[PDB]
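The structure appears right after this line, and notes come after that.
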Amino acid sequence: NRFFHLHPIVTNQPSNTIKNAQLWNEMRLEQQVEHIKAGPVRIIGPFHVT
Amino acid sequence: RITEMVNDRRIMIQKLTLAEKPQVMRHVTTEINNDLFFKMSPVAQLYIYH
């Protein structure tokens with residue numbers, strides 16, 4: 001916060017991480033809602049971020 | 001039954017519904033031994049050639 005007014009950076013401890021994308025993509029609706037209900041969820045696969 | 005087999009590939013199936021579980025459907029499965037054709041026969045040479 002000393003450098004940016006607001007940033008996409010967080011410090012939550014992950015839980016029940018997903019192996020890689022295209023598995024979260026096709027899993028199911030209202031089935032992944034339970035994953036986010038229990039807490040943060042992390043996706044491991046590298047991305048092309050700008 | 002489909003999900004149980006772990007023979008060679010990862011089978012994934014989405015959860016169906018809370019109300020579509022009791023739907024009925026017909027699926028036949030042959031139950032006849034196939035080991036009685038592989039006996040020693042006096043005509044096996046023809047089988048091999050053809």
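Identifiers in this document derive from the order of the structure tokens: chains are assigned A, B, ..., residues are numbered from 1 separately in each chain, and ligands are numbered from 1 in order of occurrence.
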
Pull out every residue of chain A that has at least one atom within 9 Å of chain B, counting only C-alpha atoms, and report them as a list in words.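 That gives residues 26, 27, 28 and 31 of chain A for chain A.
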
Residues flagged alpha helix (DSSP H) by DSSP in chain A, as a VMD selection string: chain A and resid 32 to 37

Writing out the chosen residues with N, CA and C atoms as a compact mmCIF listing (two decimals), in the first residue's frame:
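Wrote it out as result-v7.txt, contents follow:
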# COMPACT_ATOMS: atom_id res chain seq x y z
N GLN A 32 -18.11 -26.12 -7.85
CA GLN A 32 -16.98 -25.28 -7.49
C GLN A 32 -17.35 -24.21 -6.48
N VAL A 33 -18.64 -23.91 -6.32
CA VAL A 33 -19.06 -22.95 -5.30
C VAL A 33 -18.72 -23.48 -3.92
N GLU A 34 -18.85 -24.79 -3.71
CA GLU A 34 -18.45 -25.36 -2.44
C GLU A 34 -16.96 -25.22 -2.20
N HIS A 35 -16.15 -25.28 -3.26
CA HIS A 35 -14.72 -25.10 -3.10
C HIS A 35 -14.39 -23.70 -2.60
N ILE A 36 -15.02 -22.68 -3.19
CA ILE A 36 -14.73 -21.31 -2.75
C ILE A 36 -15.40 -20.99 -1.42
N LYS A 37 -16.44 -21.73 -1.05
CA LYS A 37 -17.08 -21.49 0.24
C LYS A 37 -16.14 -21.81 1.39
